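These values consider heavy atoms only, across backbone and side chains, with no hydrogens, waters or symmetry-generated copies. In what follows, every chain begins at residue 1, and chains take the letters A, B, ... in the order their sequences are listed.
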Amino acid sequence: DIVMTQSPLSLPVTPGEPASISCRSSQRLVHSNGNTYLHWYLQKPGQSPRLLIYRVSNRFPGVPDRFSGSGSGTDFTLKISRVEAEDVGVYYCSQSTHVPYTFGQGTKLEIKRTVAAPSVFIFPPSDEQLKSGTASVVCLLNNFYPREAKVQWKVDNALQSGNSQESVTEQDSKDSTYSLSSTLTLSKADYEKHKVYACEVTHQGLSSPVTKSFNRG
Amino acid sequence: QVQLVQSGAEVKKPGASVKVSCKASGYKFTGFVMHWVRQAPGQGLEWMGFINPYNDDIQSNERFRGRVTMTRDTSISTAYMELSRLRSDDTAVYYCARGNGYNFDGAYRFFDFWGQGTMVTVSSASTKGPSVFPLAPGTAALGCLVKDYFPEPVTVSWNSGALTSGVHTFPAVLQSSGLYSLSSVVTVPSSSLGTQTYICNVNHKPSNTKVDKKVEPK
Amino acid sequence: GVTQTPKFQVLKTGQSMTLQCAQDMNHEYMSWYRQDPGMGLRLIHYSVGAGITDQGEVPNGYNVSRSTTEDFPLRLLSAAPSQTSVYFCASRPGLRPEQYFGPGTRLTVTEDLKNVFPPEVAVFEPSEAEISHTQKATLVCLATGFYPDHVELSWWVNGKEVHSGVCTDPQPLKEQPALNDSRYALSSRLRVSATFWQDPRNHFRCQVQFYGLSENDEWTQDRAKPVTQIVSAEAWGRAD
Amino acid sequence: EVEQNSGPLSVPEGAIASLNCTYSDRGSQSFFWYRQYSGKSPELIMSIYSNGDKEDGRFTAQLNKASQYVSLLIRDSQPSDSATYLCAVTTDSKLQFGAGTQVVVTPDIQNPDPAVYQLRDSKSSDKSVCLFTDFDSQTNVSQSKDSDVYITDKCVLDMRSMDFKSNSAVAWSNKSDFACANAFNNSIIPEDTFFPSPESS
Ligand SMILES: [Cl-]
Ligand SMILES: [Cl-]
Ligand SMILES: [Zn+2]
Ligand SMILES: [Zn+2]
Ligand SMILES: [Zn+2]
């Protein structure tokens, strides 16, 4: 196979600023017909990849003219003249001159924005779920930045560990924030022995931890 | 309005075969080449091969030769990709992608339209549909908890696709039981909870589960 | 008299277009028609004078304007494949009651411009058996694989265009008759005396004006953008 | 509504092409005939305003307002006259057009010599076309049954300086089995059609 190598593999950039993604191939990509089939795709989160530049420098119709590509031999570059918030996602360089077609590793473009503290919400388990013998308490951290956030769960003021899992979304295309959901899983019988359920949030946008809580069980 | 609609998600046992289909609309099917590209979770893109639906011409990635078979049925504008002797590291989203070159043009080497993907999990674990619970409510947050399903994925939409703004569907977490769980949330105006109906549409294709959960204030 | 531009046009579904029409005869009445096989001439819109416009039989999807007496432009808001037709502009004095027509605009609307292909042109030299048998020499020209059906075939002998001894098929063949976006083939003949063909000083050219994409249109194919261009094939006289 | 006679009308050269036209609006006062060549625009050739006959060259317009009938006769028909003829009726200064009537004037081939010739591409001898020519207007050319064999309909050329007119149809194909002896096999051609040999190598 022809090995495609991208640089950097992660690219933080403030909107309005230019960006450059380098692509190096292990072989030259000029086909016997004279064309160089070196292309660039952008895969936004939860979506299929989308073609930006085909055959080194040709912008695919519909793509904004802020994207452009150049290169020859084994060195190729994708440029974004002024980065917009919607450019977040993973950039791949692809070669299809020789079989098999090969892609680079991907370069995640990250948008740098102002600090935004999360809106915190807590949700008790539903009554329908409690009938089933399990209790899920959900804590939502909504639209914060940067991605660094800590959620601590407390039941009757006792700090929990090993009974919660979380996941965070990819950076938003419009406001460049992240969102986090954390689930505390207890059995119905343990959930019913306690009154106070609380999630405590530490984020750089908060000058002191924010606690959302509810009483019942 | 070119559209490539792929088949639903599946779980297959190690050693077994999977046949992923991809139905094309909005263009003369025989005129464009159909490629298959796969992506393992959190990983990059890997081209598998292609089929020229006009003459049955195929090209393959050596890495899958002996396991991959690409066929097509012009009467139903569908291209298939069958992958055999499934190994655990064949768990990936499988895409069909249309080459841009019409009528034998060389632009087929770059792709313009892609299917939605078909997530295939190679696993000896049994399929299980999810249970769906409400996450009851200037702005209020509400959502759904989609618990205990296998394999991935579940899709979640709000009000049949009419509520998109402020919606956050989170990546699933693998629980210690071996089953997945995920939440979908939406922030809405607080001065709308007693007027606007909020329903989350959860779909788990591997088990044919389609649930419409009404989320109301307690 | 009545002027119309362009003579030919290929649009993509959803595109906008304005067909120009102009008369230098101080006619009050101007109208637009579309000509389709099966039906006759259907009036789209008419104007009894500057500033006045009215719906004809088929107004849907068409807009007209009469700012001046001279011009009556027809605007296609959003091109649809049902608008593939010949468009005729016409003008009547509207006081004599006679109507005069413009040259016409052949318009094709396609789902995508990748269906557009220019012709390949070839000249086939006179047969030796025909030359001996009849004392005449027939040249045949083929224009093949073109889409849309927007071509003009002319013959050129020694740098000058000829019409005598010429016959071009009034309608092109569909290469794939079952297919809708089928490409076309067109043939022509030029017949001369054997002694005219036998002179090596005589030069024969078959020239095909094709109307396709514009230099500003977007194109992603490996093949050359199928723009408006002339394609020709030539043959020299031979004393064999 | 304006209605015209069923076409195409086949008229031998020298003969009269007879065109009819009936209109529905009884208060109609102006009547016109347009000539439209294939791929060309409708051209006004005749106007008639009162009952009776009006003549102009080889054309004769006839109007009968009582029978709501309009005519166009083309005397001494030439193949030049092959076009669609449209009828148009009005009252004051809209214009009501008919669907048209296509007229096909077949040339008078006094000395036919039917033959099929093989013509080679001036750029490559591999490529060739079969030319069926010099047959009388009594021969009709059937379209191709095969999808990879292309056959064009008969066409009249006129060598004006010699006053010589001739018919011809062209056939070509990339098929390996295609030959000039087979090219026009779907048509009823003269038994004495000349088929010269293509000459080997
Ligand atoms: Cl509670
Ligand atoms: Cl991968
Ligand atoms: Zn506890
Ligand atoms: Zn406890
Ligand atoms: Zn091999």
Of the non-hydrogen atoms in [X] and [Y], which two are nearest, and what is the gap between them?
X: A:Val63; Y: A:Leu52; answer: CG2-O, 3.7 Å
X: B:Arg109; Y: A:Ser96; answer: O-OG, 2.6 Å
X: C:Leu113; Y: C:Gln15; answer: CD1-NE2, 4.2 Å
X: C:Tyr147; Y: C:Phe210; answer: O-CZ, 3.5 Å
X: A:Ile80; Y: A:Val83; answer: CG2-CG2, 3.7 Å
X: B:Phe29; Y: B:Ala24; answer: CD1-CB, 3.6 Å

Just verifying a value: how many Å separate [X] [atom1] and [Y] [atom2], rounded to the nearest 0.5 Å?
X: A:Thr169; Y: B:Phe170; atom1: OG1; atom2: CZ; answer: 5.5 Å
X: A:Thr102; Y: A:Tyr92; atom1: OG1; atom2: OH; answer: 14.0 Å
X: A:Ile53; Y: A:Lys79; atom1: CD1; atom2: NZ; answer: 11.5 Å
X: C:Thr220; Y: B:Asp112; atom1: OG1; atom2: CG; answer: 7.0 Å
X: A:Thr107; Y: A:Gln105; atom1: OG1; atom2: CD; answer: 7.0 Å
X: C:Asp181; Y: B:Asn103; atom1: CG; atom2: CG; answer: 11.0 Å

Kindly check if the number of other-residue, nucleotide or ligand heavy atoms within 6.0 Å of [atom1] ([X]) is above 12?
X: D:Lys123; atom1: NZ; result: yes
X: C:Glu120; atom1: CD; result: no
X: D:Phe178; atom1: CZ; result: yes
X: D:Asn174; atom1: CG; result: no
X: A:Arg82; atom1: CZ; result: no

Please state whether the rings of [X] and [Y] are parallel, tilted or perpendicular, taking 30° and 60° as the class boundaries.
X: A:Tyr101; Y: B:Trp47; result: parallel
X: A:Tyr178; Y: A:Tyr145; result: parallel
X: A:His39; Y: A:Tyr41; result: perpendicular

We want to know whether A:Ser181 and B:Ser183 form a side-chain donor-acceptor pair, criterion being a heavy-atom distance below 3.5 angstrom. yes
Going by atom types alone, do A:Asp1 and A:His98 pair a side-chain donor with an acceptor below 3.5 Å? no
Pair A:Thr36, A:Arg55 - check side chain to side chain contact (heavy atoms under 4.5 Å, CB included), show working. CA-CA 6 Å; A:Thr36 300; A:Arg55 290 200 290 119; 5.9 Å; no
Does the structure place the NZ or CZ of [X] under 6.0 Å from the centre of the six-membered ring of [Y], at an angle of no more than 45° from the ring's axis?
X: C:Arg183; Y: C:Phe117; value: yes
X: B:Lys128; Y: B:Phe150; value: no
X: B:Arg98; Y: B:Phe113; value: no
X: C:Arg223; Y: B:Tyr102; value: no

Ionic contact status for [Y] with [X], cut-off 4.0 Å:
X: B:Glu46; Y: B:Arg63; value: yes
X: B:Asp56; Y: B:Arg72; value: yes
X: C:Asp217; Y: C:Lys12; value: no
X: A:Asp75; Y: A:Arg24; value: yes
X: A:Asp87; Y: A:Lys44; value: no
X: B:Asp90; Y: B:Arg38; value: yes

Say whether, by atom type as modelled, one donor and one acceptor occur between the side chain of [X] and the main chain of [Y] under 3.5 angstrom.
X: A:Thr97; Y: A:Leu29; value: yes
X: C:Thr108; Y: C:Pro148; value: no
X: A:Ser173; Y: A:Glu86; value: no
X: B:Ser60; Y: B:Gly49; value: no
X: A:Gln165; Y: B:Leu174; value: yes

Checking A:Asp172 against A:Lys174 for the salt bridge (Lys or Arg N to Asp or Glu O under 4.0 Å) test, could you report, in this order, the C-alpha distance in whole Å, the side-chain angles of both residues, the deciding distance, and whether it holds? CA-CA 6 Å; A:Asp172 195 62; A:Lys174 307 166 146 202; over 6 Å; no
Check step by step if side chain to side chain contact (heavy atoms under 4.5 Å, CB included) holds for A:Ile21 and A:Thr77. CA-CA 6 Å; A:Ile21 298 173; A:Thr77 312; over 6 Å; no
Test side chain to side chain donor-acceptor pair (under 3.5 Å) on B:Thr121 and B:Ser123; report intermediate values, then the result. CA-CA 6 Å; B:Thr121 305; B:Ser123 185; over 6 Å; no
Determine, step by step, whether A:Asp65 and A:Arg59 satisfy the salt bridge (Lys or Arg N to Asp or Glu O under 4.0 Å) criterion, reporting the C-alpha distance in whole Å, the side-chain angles of both residues, the deciding distance to 0.1 Å, and the verdict. CA-CA 7 Å; A:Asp65 61 2; A:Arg59 200 187 72 252; 5.6 Å; no
Testing B:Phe111, B:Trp36, B:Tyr108 one by one against B:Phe50 for a ring pair (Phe, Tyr, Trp, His ring centres under 6.0 Å), which residue passes? B:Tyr108
Please walk me through it: do B:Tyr27 and B:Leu4 pass side chain to side chain contact (heavy atoms under 4.5 Å, CB included)? CA-CA 10 Å; B:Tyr27 74 96; B:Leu4 308 176; 3.8 Å; yes
Name of the residue among B:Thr78, B:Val93, B:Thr118 meeting side-chain contact (heavy atoms from CB on, under 4.5 Å) with B:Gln6: B:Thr118
Pair B:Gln39, A:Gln43 - check side chain to side chain donor-acceptor pair (under 3.5 Å), show working. CA-CA 11 Å; B:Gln39 179 167 50; A:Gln43 178 173 37; 2.9 Å; yes
Derivation of the side chain to side chain contact (heavy atoms under 4.5 Å, CB included) call for B:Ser17 and B:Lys12: CA-CA 7 Å; B:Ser17 299; B:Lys12 292 290 168 164; over 6 Å; no
Any chance you could lay out the side chain to side chain donor-acceptor pair (under 3.5 Å) test for B:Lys210 and B:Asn201, step after step, and finish with the verdict? CA-CA 7 Å; B:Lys210 186 254 202 154; B:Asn201 328 108; over 6 Å; no
Verdict with supporting geometry, A:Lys108 and A:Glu170, salt bridge (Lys or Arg N to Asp or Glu O under 4.0 Å): CA-CA 11 Å; A:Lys108 175 178 265 311; A:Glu170 293 288 78; 3.2 Å; yes
Distance flag, aromatic centroids of A:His31 and A:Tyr37, threshold under 6.0 Å: yes
